[PDB]
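K.L.:
This is data_26.txt (compact mmCIF, N, CA and C atoms).
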```txt
# COMPACT_ATOMS: atom_id res chain seq x y z
N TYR A 369 15.53 4.23 -10.27
CA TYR A 369 14.68 5.40 -10.12
C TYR A 369 15.35 6.67 -10.66
N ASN A 370 16.68 6.76 -10.56
CA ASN A 370 17.41 7.93 -11.04
C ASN A 370 17.69 7.89 -12.53
N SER A 371 17.55 6.74 -13.18
CA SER A 371 17.88 6.63 -14.59
C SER A 371 16.83 7.33 -15.45
N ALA A 372 17.30 8.15 -16.39
CA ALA A 372 16.43 8.89 -17.28
C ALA A 372 16.07 8.04 -18.50
N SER A 373 15.38 8.66 -19.45
CA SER A 373 14.89 7.98 -20.66
C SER A 373 13.94 6.83 -20.31
N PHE A 374 13.12 7.04 -19.28
CA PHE A 374 12.07 6.10 -18.89
C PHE A 374 10.73 6.81 -19.00
N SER A 375 9.86 6.30 -19.88
CA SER A 375 8.55 6.91 -20.07
C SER A 375 7.70 6.82 -18.81
N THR A 376 7.72 5.67 -18.13
CA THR A 376 6.88 5.45 -16.96
C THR A 376 7.72 4.84 -15.84
N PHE A 377 7.56 5.39 -14.64
CA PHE A 377 8.13 4.82 -13.41
C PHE A 377 7.06 5.00 -12.34
N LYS A 378 6.20 3.99 -12.19
CA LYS A 378 5.01 4.09 -11.36
C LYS A 378 4.92 2.86 -10.46
N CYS A 379 4.65 3.07 -9.18
CA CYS A 379 4.56 2.00 -8.20
C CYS A 379 3.18 2.02 -7.54
N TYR A 380 2.64 0.84 -7.29
CA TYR A 380 1.33 0.69 -6.66
C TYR A 380 1.51 0.21 -5.23
N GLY A 381 1.07 1.02 -4.27
CA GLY A 381 1.13 0.67 -2.87
C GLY A 381 2.48 0.83 -2.22
N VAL A 382 3.48 1.31 -2.95
CA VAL A 382 4.83 1.50 -2.42
C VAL A 382 5.35 2.85 -2.91
N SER A 383 5.92 3.63 -2.01
CA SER A 383 6.57 4.87 -2.40
C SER A 383 7.92 4.55 -3.04
N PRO A 384 8.17 4.98 -4.28
CA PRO A 384 9.42 4.58 -4.95
C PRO A 384 10.68 4.98 -4.20
N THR A 385 10.69 6.15 -3.57
CA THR A 385 11.88 6.58 -2.84
C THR A 385 12.10 5.81 -1.55
N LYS A 386 11.13 5.01 -1.12
CA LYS A 386 11.23 4.22 0.10
C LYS A 386 11.69 2.79 -0.15
N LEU A 387 11.87 2.40 -1.41
CA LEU A 387 12.15 1.00 -1.74
C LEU A 387 13.49 0.53 -1.18
N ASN A 388 14.44 1.45 -0.97
CA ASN A 388 15.72 1.06 -0.40
C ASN A 388 15.65 0.77 1.09
N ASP A 389 14.48 0.93 1.71
CA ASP A 389 14.33 0.80 3.15
C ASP A 389 13.44 -0.37 3.55
N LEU A 390 13.20 -1.33 2.66
CA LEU A 390 12.29 -2.43 2.93
C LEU A 390 12.96 -3.77 2.65
N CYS A 391 12.42 -4.81 3.28
CA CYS A 391 12.83 -6.18 3.06
C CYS A 391 11.63 -6.99 2.57
N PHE A 392 11.90 -7.99 1.73
CA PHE A 392 10.84 -8.74 1.07
C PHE A 392 11.14 -10.23 1.12
N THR A 393 10.07 -11.02 1.07
CA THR A 393 10.23 -12.47 1.02
C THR A 393 10.87 -12.90 -0.29
N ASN A 394 10.34 -12.43 -1.42
CA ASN A 394 10.93 -12.70 -2.72
C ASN A 394 10.41 -11.67 -3.71
N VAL A 395 11.10 -11.56 -4.84
CA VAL A 395 10.78 -10.57 -5.87
C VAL A 395 10.67 -11.27 -7.21
N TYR A 396 9.60 -10.97 -7.95
CA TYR A 396 9.41 -11.46 -9.30
C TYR A 396 9.76 -10.37 -10.30
N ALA A 397 10.23 -10.78 -11.48
CA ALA A 397 10.53 -9.88 -12.58
C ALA A 397 9.84 -10.40 -13.83
N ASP A 398 9.02 -9.56 -14.45
CA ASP A 398 8.28 -9.91 -15.66
C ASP A 398 8.68 -8.95 -16.77
N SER A 399 9.05 -9.49 -17.93
CA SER A 399 9.55 -8.70 -19.04
C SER A 399 8.78 -9.04 -20.31
N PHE A 400 8.56 -8.02 -21.15
CA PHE A 400 7.80 -8.16 -22.39
C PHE A 400 7.89 -6.83 -23.14
N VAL A 401 7.27 -6.79 -24.32
CA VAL A 401 7.27 -5.61 -25.18
C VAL A 401 5.86 -5.41 -25.72
N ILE A 402 5.40 -4.15 -25.74
CA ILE A 402 4.10 -3.78 -26.29
C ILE A 402 4.26 -2.47 -27.05
N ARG A 403 3.15 -2.00 -27.61
CA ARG A 403 3.11 -0.73 -28.32
C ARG A 403 3.07 0.44 -27.33
N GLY A 404 3.23 1.64 -27.87
CA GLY A 404 3.17 2.83 -27.03
C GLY A 404 1.78 3.10 -26.48
N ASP A 405 0.75 2.88 -27.30
CA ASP A 405 -0.62 3.15 -26.87
C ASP A 405 -1.13 2.13 -25.87
N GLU A 406 -0.53 0.94 -25.82
CA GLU A 406 -1.01 -0.15 -24.98
C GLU A 406 -0.48 -0.09 -23.56
N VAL A 407 0.40 0.86 -23.24
CA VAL A 407 1.05 0.86 -21.93
C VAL A 407 0.08 1.15 -20.80
N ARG A 408 -1.06 1.80 -21.07
CA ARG A 408 -1.99 2.12 -19.99
C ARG A 408 -2.70 0.88 -19.47
N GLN A 409 -2.77 -0.19 -20.26
CA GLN A 409 -3.50 -1.38 -19.85
C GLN A 409 -2.79 -2.14 -18.74
N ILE A 410 -1.52 -1.84 -18.48
CA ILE A 410 -0.78 -2.48 -17.39
C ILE A 410 -1.08 -1.66 -16.14
N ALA A 411 -2.12 -2.07 -15.42
CA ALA A 411 -2.54 -1.41 -14.19
C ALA A 411 -3.57 -2.27 -13.46
N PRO A 412 -3.55 -2.30 -12.13
CA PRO A 412 -4.61 -3.00 -11.40
C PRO A 412 -5.97 -2.38 -11.67
N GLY A 413 -6.97 -3.24 -11.85
CA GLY A 413 -8.31 -2.78 -12.15
C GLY A 413 -8.49 -2.17 -13.53
N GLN A 414 -7.48 -2.27 -14.39
CA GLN A 414 -7.57 -1.72 -15.73
C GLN A 414 -8.23 -2.72 -16.67
N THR A 415 -8.87 -2.20 -17.72
CA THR A 415 -9.58 -3.02 -18.69
C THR A 415 -9.05 -2.72 -20.09
N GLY A 416 -8.82 -3.77 -20.86
CA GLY A 416 -8.34 -3.61 -22.22
C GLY A 416 -8.16 -4.96 -22.88
N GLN B 954 -18.65 -9.62 33.07
CA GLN B 954 -19.10 -8.70 32.03
C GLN B 954 -18.08 -7.60 31.80
N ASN B 955 -17.50 -7.06 32.88
CA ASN B 955 -16.45 -6.06 32.70
C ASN B 955 -15.25 -6.64 31.95
N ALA B 956 -14.85 -7.87 32.31
CA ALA B 956 -13.73 -8.51 31.63
C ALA B 956 -14.04 -8.71 30.15
N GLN B 957 -15.26 -9.15 29.82
CA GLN B 957 -15.63 -9.36 28.43
C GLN B 957 -15.59 -8.05 27.65
N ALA B 958 -16.10 -6.97 28.24
CA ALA B 958 -16.07 -5.68 27.56
C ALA B 958 -14.64 -5.25 27.26
N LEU B 959 -13.75 -5.35 28.25
CA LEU B 959 -12.37 -4.95 28.03
C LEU B 959 -11.70 -5.83 26.97
N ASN B 960 -11.95 -7.14 27.02
CA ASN B 960 -11.34 -8.04 26.05
C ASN B 960 -11.81 -7.73 24.63
N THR B 961 -13.10 -7.46 24.45
CA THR B 961 -13.60 -7.10 23.13
C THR B 961 -12.98 -5.81 22.63
N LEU B 962 -12.87 -4.81 23.52
CA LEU B 962 -12.24 -3.55 23.12
C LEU B 962 -10.81 -3.78 22.68
N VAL B 963 -10.07 -4.61 23.41
CA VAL B 963 -8.69 -4.91 23.02
C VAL B 963 -8.64 -5.64 21.69
N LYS B 964 -9.53 -6.62 21.49
CA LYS B 964 -9.48 -7.43 20.28
C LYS B 964 -9.82 -6.61 19.04
N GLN B 965 -10.68 -5.60 19.18
CA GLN B 965 -11.03 -4.77 18.03
C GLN B 965 -9.85 -3.97 17.47
N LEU B 966 -8.67 -4.03 18.08
CA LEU B 966 -7.54 -3.23 17.62
C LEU B 966 -6.79 -3.84 16.44
N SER B 967 -7.06 -5.09 16.09
CA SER B 967 -6.32 -5.76 15.02
C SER B 967 -7.04 -5.72 13.68
N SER B 968 -8.21 -5.09 13.61
CA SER B 968 -8.95 -5.05 12.36
C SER B 968 -8.32 -4.06 11.39
N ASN B 969 -8.67 -4.21 10.11
CA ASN B 969 -8.14 -3.34 9.06
C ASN B 969 -9.08 -2.20 8.69
N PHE B 970 -10.39 -2.41 8.81
CA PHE B 970 -11.40 -1.42 8.43
C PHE B 970 -11.24 -0.98 6.98
N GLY B 971 -10.74 -1.87 6.13
CA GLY B 971 -10.54 -1.57 4.73
C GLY B 971 -9.17 -1.06 4.36
N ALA B 972 -8.34 -0.71 5.34
CA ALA B 972 -6.99 -0.26 5.03
C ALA B 972 -6.12 -1.45 4.63
N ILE B 973 -4.91 -1.13 4.16
CA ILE B 973 -3.99 -2.17 3.71
C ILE B 973 -3.47 -3.00 4.88
N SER B 974 -3.25 -2.38 6.03
CA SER B 974 -2.72 -3.08 7.19
C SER B 974 -3.23 -2.42 8.46
N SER B 975 -3.12 -3.15 9.56
CA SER B 975 -3.59 -2.69 10.86
C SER B 975 -2.46 -2.17 11.74
N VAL B 976 -1.27 -1.96 11.17
CA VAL B 976 -0.12 -1.46 11.90
C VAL B 976 0.28 -0.11 11.30
N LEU B 977 0.35 0.91 12.15
CA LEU B 977 0.70 2.25 11.68
C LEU B 977 2.12 2.31 11.15
N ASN B 978 3.05 1.58 11.78
CA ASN B 978 4.43 1.58 11.30
C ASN B 978 4.53 0.93 9.93
N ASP B 979 3.75 -0.13 9.69
CA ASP B 979 3.77 -0.79 8.39
C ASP B 979 3.21 0.08 7.28
N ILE B 980 2.46 1.13 7.63
CA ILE B 980 1.92 2.06 6.66
C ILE B 980 2.83 3.26 6.46
N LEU B 981 3.36 3.82 7.55
CA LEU B 981 4.26 4.96 7.45
C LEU B 981 5.53 4.60 6.69
N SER B 982 6.06 3.41 6.93
CA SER B 982 7.32 3.00 6.31
C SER B 982 7.19 2.67 4.83
N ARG B 983 5.98 2.61 4.29
CA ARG B 983 5.79 2.22 2.90
C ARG B 983 5.19 3.30 2.01
N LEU B 984 4.65 4.38 2.57
CA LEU B 984 3.88 5.33 1.78
C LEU B 984 4.26 6.77 2.11
N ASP B 985 3.93 7.65 1.18
CA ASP B 985 4.04 9.08 1.36
C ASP B 985 2.82 9.60 2.11
N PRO B 986 2.87 10.83 2.62
CA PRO B 986 1.73 11.39 3.38
C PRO B 986 0.41 11.35 2.62
N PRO B 987 0.38 11.68 1.31
CA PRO B 987 -0.94 11.84 0.66
C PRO B 987 -1.82 10.59 0.66
N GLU B 988 -1.27 9.40 0.89
CA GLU B 988 -2.06 8.17 0.94
C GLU B 988 -2.08 7.53 2.32
N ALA B 989 -0.98 7.63 3.06
CA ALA B 989 -0.99 7.26 4.47
C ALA B 989 -2.07 8.03 5.22
N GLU B 990 -2.35 9.27 4.80
CA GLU B 990 -3.41 10.03 5.45
C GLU B 990 -4.78 9.37 5.25
N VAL B 991 -5.04 8.84 4.05
CA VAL B 991 -6.30 8.14 3.80
C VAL B 991 -6.39 6.88 4.66
N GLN B 992 -5.32 6.08 4.67
CA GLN B 992 -5.33 4.85 5.46
C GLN B 992 -5.55 5.15 6.95
N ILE B 993 -4.85 6.17 7.45
CA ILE B 993 -5.00 6.57 8.85
C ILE B 993 -6.41 7.06 9.11
N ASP B 994 -7.03 7.73 8.14
CA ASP B 994 -8.41 8.17 8.29
C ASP B 994 -9.34 6.99 8.53
N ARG B 995 -9.20 5.94 7.71
CA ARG B 995 -10.04 4.76 7.89
C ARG B 995 -9.83 4.13 9.27
N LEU B 996 -8.56 3.97 9.66
CA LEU B 996 -8.27 3.36 10.96
C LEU B 996 -8.85 4.19 12.11
N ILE B 997 -8.71 5.51 12.02
CA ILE B 997 -9.20 6.41 13.05
C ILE B 997 -10.71 6.26 13.20
N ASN B 998 -11.43 6.23 12.07
CA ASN B 998 -12.88 6.08 12.14
C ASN B 998 -13.26 4.79 12.86
N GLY B 999 -12.63 3.68 12.49
CA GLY B 999 -12.98 2.41 13.13
C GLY B 999 -12.75 2.43 14.63
N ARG B 1000 -11.57 2.90 15.05
CA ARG B 1000 -11.25 2.86 16.48
C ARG B 1000 -12.11 3.83 17.28
N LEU B 1001 -12.48 4.97 16.68
CA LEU B 1001 -13.41 5.87 17.35
C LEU B 1001 -14.76 5.21 17.59
```
As a first step, turn the structure in this file into structure tokens.
P.N.:
Amino acid sequence: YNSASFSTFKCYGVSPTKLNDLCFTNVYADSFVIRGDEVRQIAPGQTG
Amino acid sequence: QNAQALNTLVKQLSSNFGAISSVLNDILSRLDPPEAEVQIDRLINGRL
């Protein structure tokens, strides 16, 4: 969260500053590359 | 009849009413005020 040079740092249903205070069953990590204009399509309920 | 009324009133406390969760602590610990206020609004309406 503190690292700069990040175009987007957005969380759905979780406050980013609160993430250090929670426990989880498991965590998934998904990685890929897209264009600059296509970044908005990564969102719940988004269409593209 | 009195027992049934009290039991129904107690049981109605576990509903979500459209919020993410039915526990106030589970909402406060995950969100900032600007959205916890919406969730609390929904819960308040239902319980009223």
K.L.:
Find the nearest atom pair between each residue of chain A and chain B for residues within 9 Å, count only C-alpha atoms, give distances in Å to one decimal, sort rows by chain and ascending number, and present the table as a Markdown table.
P.N.:
```
| residue | atom | partner | partner_atom | distance |
| --- | --- | --- | --- | --- |
| A:381 | CA | B:984 | CA | 7.1 |
| A:382 | CA | B:983 | CA | 5.5 |
| A:383 | CA | B:984 | CA | 5.0 |
| A:384 | CA | B:984 | CA | 8.7 |
| A:386 | CA | B:983 | CA | 6.4 |
| A:387 | CA | B:983 | CA | 8.0 |
| A:389 | CA | B:982 | CA | 8.0 |
| A:390 | CA | B:983 | CA | 8.0 |
```
K.L.:
Which is closer to residue 969 in chain B than all the others in B:956, B:996, B:981, B:991, using only N, CA and C atoms?
P.N.:
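Of B:956, B:996, B:981, B:991, the one nearest residue 969 in chain B is B:996, counting only N, CA and C atoms.
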K.L.:
Tell me, as a ChimeraX atom specification, which residues lie within 12 Å of residue 413 in chain A, counting only C-alpha atoms; anything in the same chain fewer than 4 positions away does not count.
P.N.:
/A:380,408-409
K.L.:
Can you measure CA of residue 976 in chain B to CA of residue 961 in chain B for me? One decimal in Å is fine.
P.N.:
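Straight-line distance from CA of residue 976 in chain B to CA of residue 961 in chain B works out to 18.4 Å.
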K.L.:
Give me, as a list in words, all polymer residues having an atom no more than 12 Å from residue 975 in chain B, counting only C-alpha atoms and skipping those fewer than 2 positions away in the same chain.
P.N.:
residues 965, 966, 967, 968, 969, 970, 971, 972, 973, 977, 978, 979, 980, 981, 992, 993, 995, 996, 997, 999 and 1000 of chain B
K.L.:
At what distance in Å, to one decimal, does CA of residue 974 in chain B lie from atom N of residue 960 in chain B?
P.N.:
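It comes out at 22.2 Å.
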K.L.:
In Å, with one decimal, what is the gap from CA of residue 372 in chain A to atom C of residue 395 in chain A?
P.N.:
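Going from CA of residue 372 in chain A over to atom C of residue 395 in chain A, I get 23.3 Å.
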